[PDB]
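All remarks here apply to the structure that follows.
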Amino acid sequence: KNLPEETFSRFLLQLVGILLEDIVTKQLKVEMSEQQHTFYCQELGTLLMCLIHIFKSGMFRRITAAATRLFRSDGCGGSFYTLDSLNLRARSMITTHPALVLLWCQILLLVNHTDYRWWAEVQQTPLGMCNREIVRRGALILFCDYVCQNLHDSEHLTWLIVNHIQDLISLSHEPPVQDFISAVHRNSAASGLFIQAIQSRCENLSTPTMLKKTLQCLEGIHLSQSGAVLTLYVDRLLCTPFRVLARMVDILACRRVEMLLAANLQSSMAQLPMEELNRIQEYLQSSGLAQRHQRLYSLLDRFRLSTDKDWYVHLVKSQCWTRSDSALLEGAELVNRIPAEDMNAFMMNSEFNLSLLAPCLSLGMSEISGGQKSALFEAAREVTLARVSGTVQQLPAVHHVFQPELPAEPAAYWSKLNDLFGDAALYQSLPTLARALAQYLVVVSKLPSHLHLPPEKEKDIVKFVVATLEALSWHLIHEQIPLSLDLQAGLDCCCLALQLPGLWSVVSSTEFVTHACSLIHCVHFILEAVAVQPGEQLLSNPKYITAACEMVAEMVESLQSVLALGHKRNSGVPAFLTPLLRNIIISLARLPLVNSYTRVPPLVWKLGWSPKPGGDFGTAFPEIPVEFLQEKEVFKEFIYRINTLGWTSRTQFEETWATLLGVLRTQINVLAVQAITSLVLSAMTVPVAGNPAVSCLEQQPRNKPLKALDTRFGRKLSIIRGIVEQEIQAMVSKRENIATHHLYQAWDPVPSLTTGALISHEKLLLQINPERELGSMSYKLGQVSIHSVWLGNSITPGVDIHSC
């Protein structure tokens, strides 16, 4: 019993199917002409204009409902052109005929078929092919105009804004995406999600044409979300050097303050917090930004006020025993001239600002780097490490590995973790205690032995890198991003404990199999919930150990594609983590829990190689035999795993030496003389020598140390140009050496020379040769100058590196 609805709708959807099995699968000069191909792809152009007139004009009522029960339906046992067969033909129509794959985008929306498998290939959700950007930007102007019509479905609003951010803004002169944004300004909860996306994509919104299109879309947003547009107008986008992009973000930030005070004073204070308001004004005084823009600074002072020995002690309490302020560089100097016999009585108290404890550590280092020992920096190492222990004392006894896929399925262990740890008051401390351990571990390479971390308190700083990175994965499931500056403060406590020789050794032992496999689940969870758009991947024994072992193989192949600074695939990571997350995937696959599997290239596990592991751990595979390396595609992927990964204790250095010499058909003679170059240079490195995480290749200045210094006027010369050169490298230089975001990371790996200590950056003031970009550390034909050949090897006319 065939309906007349049913007879006429199988005839127009299987005549789209005849025209598309030809244009793909027919030869272009054999069966058809070219004058006969001007008119064969032009009969598919006026038959898709007949199908979007029946579904839109509404006069054809019965024909619209018939297709929706068919594209959802399978074919009759294969007797029809079914809807998954018809759509394989069209994605190979992408490239030859890109004007007719924009007409097939507007039909699939119109039938209620918004299926996220096909809509990701056409938009590339995380030089170029010139004929796809008509379709990639053409299917995103057509996917917004379907969202704007029926905006009641919130499932389609939250997909297109979180994923496509750099594309949603850069189209804003278009009549279907101009209407998508105004409804977001109408909607209360849909406006707040648009503003979390730009803070991740500020690294690409700096070119002068991409920033003029944000301010026309951040022009008028909802009044309940004008407190998140005023922390974005001050922190990120106002420091642009464009003086009509610093002038047009003065029109938009003074206008948020004026509509708020004529509004209710009740709803606006819960919108812009009293602790969050003090953070903003500390950014403007240490910089010159308040004195540049006068109109912005007048409006924020009126907001707050509507809402002598022992005399000196009381005045400093007003900004420290409080909730939060923006006085941080100004707050840190006041604590200095407390009489220095009593810091802990006046710092370790009920509620001292822990954001006045982490910038307290930076200023007392500058005193030590030049001169006398610091009452700022000695007594604030005592305060930092006592608060770290009690939270781990608040943690339970026996630790189980974090699992974001099946969290409550193991046990009721996670009942304690939401009440003693999951409190929103205990969570606030974990990014204030997280800036604390970031600045303390850096200066360890240049502190005296009074100031190094204790050996008994060394266990409790290993256990606390594990516990603050699990509060980061717990908000992405539930609430939002943590703060995305608190994405950035928690993964700096983790990058430094893996660089020190003390803290890295404790993570390797048998007692910490649960704590080293939980930094692998939680750095793969922050890298996948940011880079991998929904419906993708990164690139294209108990269970948890091999679920931690398979996790590290996937992430290292991304450093080619995903986390390489400036790739086409790196538009999705917001580029303040590509310094941070590149240095941290290296130093976790140097663990003896993991390292044996990671050197095996991925073409091997498709082939038949799987011996048994045993090392009193999970995976202790032997090294790869020579017979697999005799193929080039199999041999190009083993050399990748050994250079960016480095090596370990000296027994593992001679294992890779014997595998390459048996290779020494001429396509594999070329690529293995280049693999012997890279093994010697990891014995040439001046710290740990085999770790590309911490270190880089030693270089020698061929310029001698100067004569113009060392006089009484000459010692004055060295202090003045110490301040000028040091904030250049924060702006000008390339940070090849440095992962973290901190300021005074001046580090040049020139050794002393029979090698000795390392020379600091301030002592080699003008030694570095002019052949090299500032701070960019690589081979550039001048690493060892012949000054340094003759005084290490006295000739003038742990590995045995002399052996190799």
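Residue numbering for the sequence shown is 1729 to 1854, 1882 to 2062, 2092 to 2324, 2348 to 2471, 2491 to 2579, 2583 to 2626, 2661 to 2667, as defined by the authors' numbering.
C-beta: ideal position from N, C-alpha, C; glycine also.
Within 8 Å, strictly: CB atoms of residue i and residue j
i	j	result
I2392	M2362	yes
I1916	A1952	yes
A2218	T2252	yes
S2365	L2282	no
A2220	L2138	yes
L1970	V2004	yes
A1795	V1829	no
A2586	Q2552	no
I2502	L2523	no
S2110	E2037	yes
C2279	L2372	no
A2509	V2662	yes
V1902	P1826	no
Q2317	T1853	yes
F2186	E2135	no
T2353	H2184	no
Residue span of the alpha helix (DSSP H) that contains residue i, given as start and end
i	result
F2058	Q2049 to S2061
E2151	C2144 to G2154
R2448	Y2447 to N2450
residue 2668	Residue 2668 is absent from the structure shown; the chain starts at 1729 and stops at 2667.
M2131	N2128 to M2131
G2604	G2604 -> no alpha helix (DSSP H), and no H or E assigned at all.
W1914	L1912 to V1917
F1935	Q1933 to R1941
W1847	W1846 to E1849
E2263	Unbroken run through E2263: none, as it is neither H nor E.
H2665	Neither: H2665 is in no alpha helix (DSSP H) and is coded neither H nor E.
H2616	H2616 to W2619
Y2096	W2095 to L2099
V1890	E1888 to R1891
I1835	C1833 to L1836
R2171	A2170 to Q2177
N2495	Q2493 to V2496
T2463	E2462 to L2468
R2547	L2543 to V2550
Residue i, buried or exposed, once every other Cβ within 10 Å from all chains shown has been counted against 16
i	result
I2304	buried
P2123	exposed
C2301	buried
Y1988	buried
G2274	buried
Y2351	buried
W2258	buried
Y2404	buried
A1894	buried
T2385	buried
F2205	buried
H2048	buried
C1972	buried
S1737	buried
Near the ligand ATP: residue i beta-carbon under 7 Å from a heavy atom
i	result
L1923	In the structure on display, the ligand ATP does not appear, and there are no ligands present to speak of.
Inter-residue CB distance, residue i and residue j (contact presumed, cutoff 8 Å)
i	j	result
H1977	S1943	6 Å
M1821	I1751	7 Å
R2547	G2604	At roughly 17 Å, the Cβ-Cβ gap does not stay under 8 Å, so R2547 and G2604 are not in contact.
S2521	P2575	7 Å
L2140	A2170	Contact doesn't hold; Cβ gap of about 16 Å is too wide.
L1906	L1912	7 Å
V2314	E2242	Not confirmed; about 32 Å, so no contact.
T1774	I1782	Wrong, their Cβ atoms sit about 14 Å apart, outside the cutoff.
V2172	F2248	5 Å
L2436	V2470	6 Å
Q1921	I1950	Their Cβ separation, rounded to whole angstroms, is 15 Å, which puts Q1921 and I1950 out of contact at 8 Å.
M2132	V2167	5 Å
Margin query: At 3 residues or longer, what runs of the beta strand (DSSP E) sit wholly inside the region 1965 to 2050?
Written below: Counting only runs of 3 or more, we get nothing.
Next item on the list: Write down every uninterrupted run of the beta strand (DSSP E) in the region 2354 to 2426 whose length is 3 residues or greater and which is fully enclosed by it, in chain order.
Entry: Correct list: empty.
Check: Where are the alpha helix (DSSP H) runs, 4 residues long or more, that stay fully inside the region 1788 to 1815, in chain order?
Finding: You should have 1789 to 1799.
Margin query: Give the list of continuous alpha helix (DSSP H) stretches no shorter than 4 residues that lie fully inside the region 2101 to 2128.
Written below: Within the region 2101 to 2128, the runs of alpha helix (DSSP H) at least 4 residues long that lie entirely inside it are, in chain order, 2113 to 2118.
Item checked: 4 or more residues per run - each alpha helix (DSSP H) lying fully within the region 2181 to 2237 -> DSSP runs (the alpha helix (DSSP H)) wholly in the region 2181 to 2237: 2210 to 2213 and 2220 to 2226.
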